[PDB]
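One structure below.
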Amino acid sequence: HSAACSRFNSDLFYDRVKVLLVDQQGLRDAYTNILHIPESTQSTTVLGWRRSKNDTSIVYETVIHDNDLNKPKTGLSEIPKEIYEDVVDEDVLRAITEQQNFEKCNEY
Amino acid sequence: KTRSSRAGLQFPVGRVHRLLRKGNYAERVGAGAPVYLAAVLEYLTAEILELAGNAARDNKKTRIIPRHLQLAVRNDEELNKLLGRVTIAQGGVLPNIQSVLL
Amino acid sequence: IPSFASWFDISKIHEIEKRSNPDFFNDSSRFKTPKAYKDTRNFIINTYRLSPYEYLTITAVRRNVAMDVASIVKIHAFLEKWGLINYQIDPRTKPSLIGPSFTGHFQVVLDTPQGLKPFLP
Amino acid sequence: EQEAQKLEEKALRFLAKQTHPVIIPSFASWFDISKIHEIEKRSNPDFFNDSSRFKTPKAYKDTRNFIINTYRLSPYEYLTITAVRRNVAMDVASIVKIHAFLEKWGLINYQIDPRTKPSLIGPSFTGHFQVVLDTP
Amino acid sequence: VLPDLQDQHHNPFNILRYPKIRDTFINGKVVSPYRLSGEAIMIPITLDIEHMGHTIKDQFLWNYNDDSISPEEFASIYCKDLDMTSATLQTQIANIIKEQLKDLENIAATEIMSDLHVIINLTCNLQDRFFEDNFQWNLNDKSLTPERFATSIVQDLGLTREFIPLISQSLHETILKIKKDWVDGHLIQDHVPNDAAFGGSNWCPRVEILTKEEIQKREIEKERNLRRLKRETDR
Amino acid sequence: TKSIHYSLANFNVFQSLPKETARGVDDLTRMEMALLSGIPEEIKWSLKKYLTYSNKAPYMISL
């Protein structure tokens, strides 16, 4: 039955966090002295620098920028204007271009 | 019309059925027992012949000899377990020198 | 629950998904047919509707659908690009490839033929 | 709110801490872990122009950002290509090609000791610097 | 265990507190930096060399359709990396990865043009937590490369990165086998593992689990199965 | 002074083993590599040192 499908999709998640979050945060590379950490946690796509005025000290800090946390990332970047713009009602079409422009504006 | 062609085998179904009948193993013999026995026999024969041919080709020989049969039956652990109590004439023993004697 | 692209329905097939993978409606292959495509799509949905808080992986649905993975991944990457199944998610559940720790926030220095220099834009 | 503080805590939790400096030869300053410069496209790697289906710009970033990340976390050690080939599923020709390319511009395995080069102040004066990163 | 996510102060000396970092410092080595299209088809290359007191075993795919390194330079860097450089070892490597190519160069996935479906049942082993799995794979498809399927498998399960270049290669070898009998009697019968009417109590056949306990007997078992299976086609 | 705790720059495997030319790219390769990079203000230095080696040692950068 299909109910057992999620029964495998649920526990397979618990095994992942089992082998990756109870040890020293991740598995040693065993070929290089690198601690392999699942990539969903660290970062991706540095967006640049922001410099402000300050007389000898120099400060370096890491900040995380975002526009909307409760509107999750999705596709629509791999959707061209030929496939969907042909014939759709303008209501969801506006919701599409809204999500898409948000997807593009999130990266400056 | 021979039953071997109907069953799809190369072994004689009629001869196997006759041997089962006149062997006094029972008083009656079904129709699926001869074809089943012929299937098992032809499978075993094909496996042994394939192993012997591979052994002969490894020894660049195009004719199977008892030595090749011995090598093929002793290399495969399954047939070795099956025919462990059976000796083969002109087959010798496989070369195996102990580490303490080398 | 989708907030955009509300054209989807489990009853019929829309034209937007036909243009996505045309190899499902023009091929006379024995294994691929629009009837099986609609069946597997309705299965992916009915199996995600049981708990809309986890990430539906490809092997999970692969466990019990008789369809080539080459098309399973094709339609699965289609139901994530829209408001479809993967739109309400918790942080922990993710494919989350096991790579090395990220770099880019490290302080890199340059080697000018006149001496070391900090890398500041 | 409280979830913003929990997010910052969990972010710094799973974050690499810099313990060794990294040195670029100052003629290869152009790059980040998200952009592919024109030099990388016109050089020997030709994953672009869709010459095949096995190599793609996605696999190019998925391998370059693996090599740079493996090197910059332990710059004291030397990057051997046998470990890289043991970790990536790309064909050998491309792995060695991209490795020789990265070593050519001195991005990885740059032979340097900081005891023979004195410090200096760059044209950019002291300020207040930040690095913006996407939410994980 | 490793100073990657832990916090060390400005002084790098703290890294010495870990054993797996001082290990690469007490008995390390100093090395010198080495000095070095069209349709791409992938050809895996397996090699099990037993020359020195230690033996080497690994697999890798070559894609000989391009020419940027030769089978001699690859061994020249594969032995320099392992620091077991020997003229006899480089020649031994160039004497094995060339026959694999010449033997497999004649088979390419081009001009197939046949919608073929096969139940791929493969088995991988990395001398720890080996596994086996069988699924439905459709030939004549270019969207899903075995590398992407391998990345999906390593992502869904809790597998280390070193399993990506292990399941993909062993999969390519199977593809070559599926293409081998294609040069002859390779008619594709409707071979299914499950269905509903046209072309499920449980997924006992469809298994991707990992097993630590070694069932190190498949080599003979597969050959036993393969030999009989090949004779089944003729009838 | 010379101690592991003071600084980790010579533990047991690199205090006289590194070659004498391990301080970066050589002054010629540096010129050749900083000449095809697209950054300005850098070409203005490579083409200054090539211009120097064309009047003080031309036999070194001959075509």
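General remarks:
- Those residues of region E:19-56 which are of a type outside the set (A, V, I, L, M, F, W, C), within 30 Å of F:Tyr6 (Cα to Cα) and surrounded by fewer than 15 Cβ atoms within 10 Å (Cβ to Cβ), in sequence order: E:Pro19, E:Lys20, E:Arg22, E:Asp23, E:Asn27, E:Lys29, E:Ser32, E:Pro33
- Qualifying residue in region F:51-63 (condition: within 11 Å of chain D (Cβ to nearest Cβ), in a loop (DSSP other than H, G, I, E, B) and out of contact with any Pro (no Cβ under 6 Å at 6 or more places or on another chain)): no
- Flag if F:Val25 is surrounded by 16 or more Cβ atoms within 10 Å (Cβ to Cβ), facing another protein chain (nearest Cβ under 8 Å) and either of a type in the set (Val, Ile, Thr) or over 22 Å from D:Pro118 (Cα atoms) (or both): yes
- Of all residues in region E:149-162, those being within 14 Å of the chain's Cα centre (by Cα) and part of a loop (DSSP other than H, G, I, E, B) number 0.
- Selection from region C:57-95 of residues that are over 18 Å from C:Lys18 (Cβ atoms), assigned to a helix (DSSP H, G or I) and among the small types (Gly, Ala, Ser): C:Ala60, C:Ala70
- Annotation: of all residues in region E:136-148 being assigned to a helix (DSSP H, G or I) and surrounded by 20 or more Cβ atoms within 10 Å (Cβ to Cβ), the one that is farthest from the other protein chains (Cβ to nearest Cβ) is E:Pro146.
- Among the residues of region D:96-123, those identified as of a type in the set (A, V, I, L, M) and not in a loop (DSSP other than H, G, I, E, B) are D:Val96, D:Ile98, D:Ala100, D:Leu102.
- Screening E:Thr123 on (1) under 16 Å from E:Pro44 (Cα atoms); (2) part of a helix (DSSP H, G or I); (3) of a type in the set (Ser, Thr, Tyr) shows it passes everything except condition (2).
- Note on region D:92-136: among residues that are of a type in the set (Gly, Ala, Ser) and within 30 Å of E:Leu61 (Cα to Cα), the one that is nearest to the chain's Cα centre (by Cα) is D:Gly106.
Yes or no, residue by residue, for (1) at the interface with another protein chain (Cβ under 7 Å from one of its Cβ atoms); (2) farther than 26 Å from D:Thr63 by Cβ; (3) surrounded by fewer than 18 Cβ atoms within 10 Å (Cβ to Cβ):
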site: C:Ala70; (1), (2), (3): yes, no, no
site: C:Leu84; (1), (2), (3): no, yes, no
site: C:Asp90; (1), (2), (3): no, yes, yes
site: C:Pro95; (1), (2), (3): yes, no, yes
site: C:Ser101; (1), (2), (3): yes, no, no
site: C:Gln107; (1), (2), (3): yes, no, yes
site: C:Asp111; (1), (2), (3): yes, no, no
site: C:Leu116; (1), (2), (3): yes, yes, no
site: C:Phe119; (1), (2), (3): yes, no, yes
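Results for (1) facing chain E (nearest Cβ under 9 Å); (2) of a type in the set (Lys, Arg), shown as yes or no for each residue.
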site	(1), (2)
D:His20	yes, no
D:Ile23	no, no
D:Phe54	yes, no
D:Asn69	no, no
D:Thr80	yes, no
D:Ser94	yes, no
D:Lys104	yes, yes
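- Condition check for E:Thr85: in contact with a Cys (Cβ under 6 Å, 6 or more places away or on another chain) and among the β-branched types (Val, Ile, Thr): yes
- Hits in region E:25-46 (condition: within 12 Å of another protein chain (Cβ to nearest Cβ) and part of a strand (DSSP E or B)): E:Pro44, E:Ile45
Each row is one residue, and each column tells you yes or no for (1) touching a strand residue (DSSP E or B) at 6+ places or on another chain (Cβ under 7 Å); (2) aliphatic (A, V, I, L, M); (3) surrounded by 16 or more Cβ atoms within 10 Å (Cβ to Cβ); (4) under 30 Å from D:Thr116 (Cβ atoms).
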{"site": "D:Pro25", "(1), (2), (3), (4)": "yes, no, yes, yes"}
{"site": "D:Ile33", "(1), (2), (3), (4)": "no, yes, yes, yes"}
{"site": "D:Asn49", "(1), (2), (3), (4)": "no, no, no, no"}
{"site": "D:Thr56", "(1), (2), (3), (4)": "no, no, yes, no"}
{"site": "D:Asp62", "(1), (2), (3), (4)": "no, no, yes, no"}
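- Those residues of region B:63-84 which are assigned to a loop (DSSP other than H, G, I, E, B) and farther than 27 Å from E:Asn225 by Cβ, in sequence order: B:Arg63, B:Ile65
Don't worry about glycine lacking a Cβ; one is built from the backbone with ideal geometry, like all the others, and counts go over all protein chains shown. Quick note: the coordinates plus some simple rules give every number you see, no bench work behind them.
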